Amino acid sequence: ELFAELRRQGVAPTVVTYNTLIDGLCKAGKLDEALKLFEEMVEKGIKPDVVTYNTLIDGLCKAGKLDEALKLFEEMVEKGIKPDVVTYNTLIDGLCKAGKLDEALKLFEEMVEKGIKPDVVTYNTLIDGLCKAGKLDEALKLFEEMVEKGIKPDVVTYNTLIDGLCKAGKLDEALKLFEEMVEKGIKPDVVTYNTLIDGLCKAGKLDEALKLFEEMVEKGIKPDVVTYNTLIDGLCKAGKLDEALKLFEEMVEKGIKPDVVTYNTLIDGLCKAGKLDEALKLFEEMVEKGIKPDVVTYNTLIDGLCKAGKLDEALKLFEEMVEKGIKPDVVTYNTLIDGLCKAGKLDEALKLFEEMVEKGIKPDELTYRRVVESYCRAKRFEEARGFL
């Protein structure tokens, strides 16, 4: 509202004010209103700049609308508004996270071709894409390459590689790398410790994780919500749910405020244990304390109910889910498809795939495998061949 008022008087809105606003709308979520602000400013004769483009482009990548981001990239190049190292960083990230690492490497080549030097963020972004694509190998290569270029690895560089190494099973390497970053002027942070803690929990070394938690508290590094979500998931997975609820209480007492992941993590643990009551209790409680269940909450509950054989209840939560405006995803659909299919409700399952395709959700491997399976033991085999 302050905008109209500022206009009203004699203050001509800058491009930075529109950029600030558009960023706000792109974070707050509402993308299409951001686009609308873009058109409004274009109209008023205020020229969108390279920051305007980068902002919208980022927001479109993170709304899943990649190809639209690329439309905007095209458009900015048409206008002579030259993409900069940030434009390319944004797009490289967007491509890596949409499973198009090869195209990302393309943009990486191209920016150099245009006299744009990759910076520490470019490298961090690619080392992350590389790791998450299984290519630890290439990631470390890149880590050598950036030092060759005189670009100084930062905390994010080390955090990224510590994580990749953990995820590949190489806990010992991650630890040695942690030591290396300390032996340098790089002070680890909450993320370094959170990453290491997660790595220790995943490898079944929960007490080493708790030790490390003590050490970060000692070293003056305040644990955050992620720290506690990580230890809570570790305890639930280790089968120690009492202790996890204890840590939950404890974080509330330490002034850490549980978020949606805290609640999903607990709901998962309780569902997996078969304590579907306590789980539903926490679902209602989170809504009560005003923490909006997302798609993972409902997915988690639905899978808990299907696994218990409470199909009706599960389906019901799917309905309530939609009615609350919560948009399903491929996980929701794989879960119900799976559950229906186990129940000899292959027809409905197929219908669920139909709807899935009709709302604009990609089916993914598991969906394919699953509906093929169900089509088979049915048994309509030509029906499956045509479905693929």
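Residue numbers here begin at 1 and follow the sequence given.
S.K.: Comparing 159 to 167 with 284 to 292, which has the greater mean CA B-factor as deposited?
M.R.: Between 284 to 292 and 159 to 167, it is 284 to 292 that shows the higher mean C-alpha B-factor.
S.K.: Would you mind comparing 173 to 181 and 229 to 237 for me and telling me which has the higher average C-alpha temperature factor in the entry?
M.R.: Per the deposited B-factors, the answer is 173 to 181.
S.K.: Among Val331, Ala69, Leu340, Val50, where is the Cα temperature factor highest, going by the PDB entry?
M.R.: Highest C-alpha B-factor among the listed residues goes to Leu340.
S.K.: By its CA B factor, does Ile186 count among the lowest, middle or highest third of the modelled residues in the chain?
M.R.: For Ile186, the deposited C-alpha B-factor lands in the highest third.
S.K.: Can you tell me which third, lowest, middle or highest, the CA B-factor of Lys272 falls into for its chain?
M.R.: CA B-factor rank for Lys272: lowest third.
S.K.: Can you tell me whether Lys152 has a C-alpha B-factor in the lowest, middle or highest third compared with the other modelled residues of the same chain?
M.R.: Middle third of the chain for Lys152's C-alpha B-factor.
S.K.: Would the CA B-factor of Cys61 place it in the lowest, middle or highest third of its chain?
M.R.: It falls in the middle third of the chain.
S.K.: Relative to the other modelled residues in the chain, which third contains the C-alpha temperature factor of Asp84: lowest, middle or highest?
M.R.: Tercile = lowest for this residue's CA B-factor.
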